[PDB]
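Asks: I would like the atomic coordinates for the input below:
(chains A, B, C and D, ligands or ions: 12)
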4 protein chains.
Amino acid sequence: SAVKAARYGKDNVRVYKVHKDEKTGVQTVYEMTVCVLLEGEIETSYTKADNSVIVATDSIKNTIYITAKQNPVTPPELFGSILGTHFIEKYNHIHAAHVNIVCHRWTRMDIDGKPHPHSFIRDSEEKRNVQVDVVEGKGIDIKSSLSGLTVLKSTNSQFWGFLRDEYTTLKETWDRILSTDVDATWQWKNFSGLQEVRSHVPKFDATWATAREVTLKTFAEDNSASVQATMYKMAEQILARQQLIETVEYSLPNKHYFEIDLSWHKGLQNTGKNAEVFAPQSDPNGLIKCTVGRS
Amino acid sequence: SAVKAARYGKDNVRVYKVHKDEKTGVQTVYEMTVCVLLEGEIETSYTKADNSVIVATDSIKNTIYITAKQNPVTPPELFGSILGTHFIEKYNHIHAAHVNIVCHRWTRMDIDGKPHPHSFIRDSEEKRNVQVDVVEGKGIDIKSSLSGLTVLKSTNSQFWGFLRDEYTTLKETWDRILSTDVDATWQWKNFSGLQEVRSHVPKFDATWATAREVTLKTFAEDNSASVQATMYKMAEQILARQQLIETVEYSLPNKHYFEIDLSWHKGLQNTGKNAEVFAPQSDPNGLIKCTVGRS
Amino acid sequence: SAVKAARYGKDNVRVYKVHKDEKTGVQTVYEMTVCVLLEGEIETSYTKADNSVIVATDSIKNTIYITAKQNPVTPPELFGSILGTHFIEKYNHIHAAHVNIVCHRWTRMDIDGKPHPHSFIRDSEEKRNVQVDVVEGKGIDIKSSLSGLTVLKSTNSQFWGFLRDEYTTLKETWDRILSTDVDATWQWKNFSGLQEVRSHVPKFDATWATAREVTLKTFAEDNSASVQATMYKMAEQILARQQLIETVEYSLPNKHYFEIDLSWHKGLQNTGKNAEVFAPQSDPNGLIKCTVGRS
Amino acid sequence: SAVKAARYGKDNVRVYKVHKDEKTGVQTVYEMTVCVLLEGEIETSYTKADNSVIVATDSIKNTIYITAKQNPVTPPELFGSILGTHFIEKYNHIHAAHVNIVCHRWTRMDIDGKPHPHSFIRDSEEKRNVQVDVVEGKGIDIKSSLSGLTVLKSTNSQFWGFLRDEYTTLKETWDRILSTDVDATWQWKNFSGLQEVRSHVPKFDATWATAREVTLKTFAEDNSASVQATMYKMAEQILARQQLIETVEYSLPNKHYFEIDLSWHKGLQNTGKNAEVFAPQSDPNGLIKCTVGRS
Ligand SMILES: O=c1[nH]c(=O)c2nn[nH]c2[nH]1
Ligand SMILES: O=c1[nH]c(=O)c2nn[nH]c2[nH]1
Ligand SMILES: O=c1[nH]c(=O)c2nn[nH]c2[nH]1
Ligand SMILES: O=c1[nH]c(=O)c2nn[nH]c2[nH]1
Ligand SMILES: [Ar]
Ligand SMILES: [Ar]
Ligand SMILES: [Ar]
Ligand SMILES: [Ar]
Ligand code: NA
Ligand code: NA
Ligand code: NA
Ligand code: NA
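Replies: Numbering: from 1, shown residues only, chains lettered A, B, ... in the order given. Ligands and ions are numbered 1, 2, ... in the order given. Coordinates below:
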């Protein structure tokens, strides 16, 4: 037997950082969960019990906190690139670092219509994520994403004209509920190293904001023919607005809300145009994916 | 052996309702999870296999959907009172109905600064809940609550002057992070029946909004001496603003964020006034409760 | 406003203890999650910012570990009674301690048919729990429970003869699937103090084992007329086998498995006697409770 | 913009099947969660709102139940291969089917030392999984796995001799707790089609049992030098016992249990050889992966 692939590190490292403006007294908080996995010349830890090649996972944990103390933690594309580069520069035998960051929302409170200097609310479990792969001699690959964005529209969704055969019971419809949790990922052009990531720092927050805005507006305004057709419109617009993105990937569950026939009870009308009360289905769910790139 | 207490019914009943304004084209959605448990003269179903006294849990489920079709589902205090009253009026041998409603957020989307007519976002897992106990000859007891409201302040929290003995390691502090998930419950005066609940319908949404606003403003503005002292200030203000509330109960976890001593690494200063990077603790957590009533 | 009720302490305190037999080399592990809440003369911490009455929740955490170091942690009824008694004896102004323990399974591994001296498996998320209330001048109240015991029987469950009215769609059945998660609680006679709890130590593990065995055998062997009727048979037998129990409470969800009509597809027969494939329902669920005590 | 990749289908499809032996009266239950995603000539559903190429996800759901009615559901490698092959044979424009099955434990109850004919218990959240990729003209790729197998050993784990630098605080140890959740995947040789999968049916359950037994025995008996070294020993033995496996992948969290220094309290000794009480850490955790193949 031989080691074909190996990676190891520390997962679920919770980090909070506060920034304190001395002039204004305004405080800004950042909270993330970080995972770092390393690869390189480490096969002998597996095959020969040679721990000399192991950077302890405990040390990786320490490194994350020290890196967050000495560097900006925002945008997360930059922090992830700094953290990944650290490992491949510090350790001769480590050739790749894989950094995953989940950013948690701490939104400044408005009290009596003014922004509060040091109070925050978690407005939704929506996350902003990055995946940074730093590979010796192959630069920095960044995938940025938003996840956990849960939306519903109560009309202006259709689904008709699909394949009908002896397995099909689904009725065509010209008016349904559409609800999903949005997972959207945009993959940047490969960066040569940290200097090039730093040169594009302003684009990261701006592209996240664009991706979010395009997703919400397209969902709200499209007279949707299908999840497939609406999601492609979202992806097309993101690629048009940021030339440094190579691909956009969406993964959307179709969270079903079923009509309830109440006609057995005193002829109560609750289907088609009369539908008011619906049964949200926990499972099963549709799952629709696509990856959109340039011509 | 004897049956001392028995209750049965249906839990986890997901319900969606849409309201469609024909004039404006504006649609409003409501989504809840409902539990109904019944009590009454049902001991023989347990002791003698006498199913004739059982209103099937499946029928309770049907009743929830039929009730939501024929009545307003907001405010939830009213819907719960209608649903509970139905069971004790329809079934001679059922003497109490216990209704629990969890309301899920569907917040109308703003697209290009205008409210969208039929598109919604789940802005946070905060819930609005009711517990309604309808008891034949004892009226309607309503407990209203908000839960899942997660906040953090990065300064203006202290904790000093506590009991110190041979079990104590905790250092006194004049500046810490305070973070909690708020669970707040206000218990209404007993209502004689549905007519009296209907007479107070406007107070329900208004009192929920007051409870929320008082909680957020007090948290943000109090130079907190302890969770105990801040929560009592919240409860005192709610009781002052709504005379029909008898008691206010708060249950607050103290979600700890620990300083990280980095002085072992090149004398890096990250404690006391120099603290920037902290380790959020998943567990354990403080848990602080109190119930506040009138003199 | 006045404080009507207050309690505070530490939740989610994870504890592991190992016992090492020096003679045999056999090691035994215990892992629990502990919550301690205190009550007493503490209102001024809420009303006056008087922290002098607060035993810090951090100190409660330390006390749990010190108590586990110096005492047996099994049976959990005994450990909980020791921990609760500590607080009301050590602190003059603390008059009640509320201890909740969840015990996690670590079952010794069998390797090549022999018990392994120091290796363990988590065989199921079933828990053994205690609730201990130690109240100055009112002794020690213990509720023991098992929870998370998930079972299914594929036949020998019926449900017919229930109330039928204009809300009823459910068909009577003489053969269905019955599946539940068992939550069973037995409440001990009040104990005068720690000496009396110690005098009954052997009864705690024995009664837990009896409750488990009665639950499994009754579920498996009863030709069930309803969840109500089967659960009462369980409770009756536990009360008959342990005279120091006052009450037995069961809380059982009815986790539904629905027949799937496939007759639309090439007349495939999958209902009634021909039913082979079923759709497990995540929600809603029936919820059936009862408390059984002595004549 | 162009569609680079697309797949869609139905997730979270819960299925139960019962087998009834007419001779013995013995019943055997199977419960799984199934996901099917399709790929093929479907880009126009995304780009042109052409639903004619869409096999509705609702129809995929129906197909899963019909397939389970007409075929064995065990071993899951066989059921997954039948289900995937169905789609690429029935639909000219579908060229790949991706089937994921999670099998849930329903273990027959022993009542009074005899196996019960129709009663089952969920003994642990351990799963048996398959991933089946059926690709027109490229055969059937099967990955089998077990997941959710949670173990702990209280001694006979070491970790010393790792890299020490200015980021390192971790002390070397010759005696620690090792606890993990095992995720183990074995990848079969490519199969030409369903006839070849059928020819190897007995190997699937046997290889699952071997993988489980090797994992448990190696964990229990290895005087572990590291997670890395123990996991490689597991992988080496599976590859030696089943020639039709190409690779074995393990993913192991290192769930930390920390010593608690109690020496501040009356000089209590609870570290090194005196350690009895430990604090289980929820996060962070080590994460160690490797893929082992043949020379
Ligand atoms: O088994 C281990 N492997 C590692 O890579 C490691 N790092 N810290 N502790 C560890 N334990
Ligand atoms: O066992 C049962 N008890 C009930 O109360 C019930 N209601 N519907 N189905 C049921 N099954
Ligand atoms: O606000 C607080 N209240 C308490 O009771 C406490 N105990 N430790 N820390 C604490 N913080
Ligand atoms: O938008 C949809 N896409 C699909 O592929 C589908 N299948 N069933 N319903 C559906 N809705
Ligand atoms: Ar969509
Ligand atoms: Ar607070
Ligand atoms: Ar039962
Ligand atoms: Ar291991
Ligand atoms: Na390197
Ligand atoms: Na009545
Ligand atoms: Na006392
Ligand atoms: Na095909």
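
Asks: mind listing what the closest residue to residue A:111 other than its chain neighbours touches?
Replies: Of all residues not flanking residue A:111 in the chain, residue B:220 sits nearest, at 4.9 Å (C-beta to C-beta, 6 or more residues apart in numbering or on different chains). The way it works is simple: take the backbone N, C-alpha and C, and place the C-beta from them, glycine included. Under the criterion of C-beta atoms under 8 Å, 6 or more residues apart in numbering or on different chains, the contact list for residue B:220 reads A:109, A:111, A:116, A:119, B:153.

Asks: Residue A:242 now?
Replies: Counting by C-beta under 8 Å, 6+ apart, residue A:242 has contacts A:186, A:203, A:207, A:210.

Asks: Ok, residue A:108 next?
Replies: Applying C-beta under 8 Å, 6+ apart to residue A:108 gives the contacts A:28, A:115-116, A:119-120.

Asks: and it, bridged to which residues?
Replies: residue A:120 (DSSP bridges).

Asks: any idea how far it is from residue A:26?
Replies: Separation of residue A:108 from residue A:26 (C-beta to C-beta, to the nearest Å): 9 Å.

Asks: check whether stretch A:277-284 contacts chain B.
Replies: Yes: residues of stretch A:277-284 contacting chain B under C-beta under 8 Å from any C-beta of the partner chain: A:277-280, A:282.

Asks: State the helix or strand in which residue A:168 lies.
Replies: Counting by DSSP states H and E, no helix or strand carries residue A:168.

Asks: Am I right that it is in contact with residue D:57?
Replies: No: judged on C-beta atoms under 8 Å, residue A:168 makes no contact with residue D:57 at a distance of 11.3 Å.

Asks: of these two, who's got more company?
Replies: Higher neighbour count among residue A:168 and residue D:57: residue D:57, with 25 against 17, using other C-beta atoms under 10 Å in any protein chain shown.

Asks: Which residues are in contact with the more buried one?
Replies: Residues near residue D:57 by C-beta under 8 Å, 6+ apart: A:254, A:286-288, D:8-10.

Asks: Look at the nearest residue to residue A:204 once chain neighbours are set aside and say how many residues are nearby.
Replies: Distance criterion C-beta to C-beta, 6+ apart; nearest residue to residue A:204, sequence neighbours excluded, is residue A:75 at 3.8 Å. A count of nearby residues for residue A:75, using other C-beta under 10 Å, gives 23.

Asks: okay, now the residue in the stretch 101-250 of chain A that ligand 3 sits nearest to: neighbour count?
Replies: Residue nearest to ligand 3 within the stretch 101-250 of chain A: residue A:119 (16.5 Å; C-beta to the nearest ligand atom). Here the number of neighbours of residue A:119 (other C-beta under 10 Å) works out to 25.

Asks: got the CA coordinates for the helix of greatest length in chain A in CSV?
Replies: Ordering each helix of chain A by length in residues (DSSP state H) puts helix A:201-221 first. Output of helix A:201-221 as CSV, limited to C-alpha atoms (Å, rounded to 0.1, in the frame of the first residue of the first chain):
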residue,chain,number,x,y,z
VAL,A,201,-8.6,43.9,-2.1
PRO,A,202,-11.4,46.4,-2.9
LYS,A,203,-13.0,44.0,-5.4
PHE,A,204,-13.7,41.3,-2.8
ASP,A,205,-16.4,43.1,-0.6
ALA,A,206,-17.8,44.8,-3.8
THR,A,207,-18.2,41.5,-5.6
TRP,A,208,-19.9,39.9,-2.5
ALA,A,209,-22.3,42.8,-2.4
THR,A,210,-23.0,42.5,-6.2
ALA,A,211,-23.6,38.7,-5.9
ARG,A,212,-26.0,39.2,-3.0
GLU,A,213,-27.9,42.1,-4.8
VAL,A,214,-28.1,40.3,-8.1
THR,A,215,-29.4,37.1,-6.4
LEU,A,216,-32.1,39.0,-4.4
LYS,A,217,-33.3,41.2,-7.3
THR,A,218,-33.4,38.4,-9.9
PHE,A,219,-35.3,36.1,-7.5
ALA,A,220,-37.8,38.9,-6.7
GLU,A,221,-38.3,40.2,-10.3
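
Asks: For the strand ranked longest in chain A, what is the distance to the chain centroid?
Replies: If you go by DSSP state E, chain A has its longest strand at strand A:2-20. Here strand A:2-20 is found 17 Å from its chain centre; the criterion is C-alpha atoms, centre = their mean, to the nearest Å.

Asks: Please apply the same query to stretch A:92-102.
Replies: Centroid separation for stretch A:92-102 versus its chain: 19 Å, with C-alpha atoms, centre = their mean.

Asks: What lies in contact with stretch A:149-160?
Replies: With C-beta under 8 Å, 6+ apart, stretch A:149-160 has contacts from A:124, A:126, A:172-182, A:184, A:212, A:215-216, A:219-220, A:222-226, B:18, B:27, B:29, B:106, B:109, B:118-122, D:51, D:56.

Asks: Go ahead and build a PyMOL selection from the buried members of these.
Replies: In PyMOL, selecting the buried portion of the contacts of stretch A:149-160, with burial taken from 16 or more other C-beta atoms under 10 Å in any protein chain shown, looks like this:
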select buried, (chain A and resi 124+126+176+177+178+179+180+181+182+184+212+215+216+219+220+222+224+225+226) or (chain B and resi 18+27+29+106+109+118+119+120+121+122) or (chain D and resi 51+56)
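
Asks: Contact partners for the residue of the stretch 51-200 of chain A found nearest ligand 12?
Replies: Closest to ligand 12 within the stretch 51-200 of chain A is residue A:163: 13.1 Å, counting by C-beta to the ion. Counting by C-beta under 8 Å, 6+ apart, residue A:163 makes contact with D:51-56, D:59, D:91.

Asks: so how far is ligand 7 from it?
Replies: Counting by C-beta to the nearest ligand atom, to the nearest Å, the gap from residue A:163 to ligand 7 is 44 Å.

Asks: Quick check: bridge partners of that residue?
Replies: Beta-bridge partners for residue A:163, by DSSP bridges, are residue D:55.

Asks: Surely residue A:239 and residue D:1 touch.
Replies: Yes: with contacts counted by C-beta under 8 Å, residue A:239 reaches residue D:1, the gap being 5.2 Å.

Asks: Now do the shared contacts for these two.
Replies: Shared contacts of residue A:239 and residue D:1 (C-beta under 8 Å, 6+ apart): A:292-294.

Asks: closest to ligand 10 among these?
Replies: For the shared contacts of residue A:239 and residue D:1, the closest approach to ligand 10 (C-beta to the ion) belongs to residue A:292, at 60.8 Å.

Asks: For that closest one, the count of nearby residues, please.
Replies: Neighbour count for residue A:292, taken as other C-beta under 10 Å: 24.

Asks: All the strands of the stretch 1-150 of chain A, residue numbers only.
Replies: Ranges of strands within the stretch 1-150 of chain A are A:2-20, A:27-40, A:94-104, A:107-111, A:114-121, A:127-135, A:139-153, based on DSSP state E, counting those that start in this stretch.

Asks: Residue of the stretch 151-295 of chain A nearest ligand 1, please.
Replies: For the stretch 151-295 of chain A, C-beta to the nearest ligand atom, closest residue to ligand 1: residue A:194, 26.3 Å.

Asks: neighbours around that residue, how many?
Replies: With other C-beta under 10 Å as criterion, residue A:194 counts 18.

Asks: picking that back up, what is in contact with residue A:168 and residue D:57 at once?
Replies: Common neighbours of residue A:168 and residue D:57 (C-beta under 8 Å, 6+ apart) do not exist.
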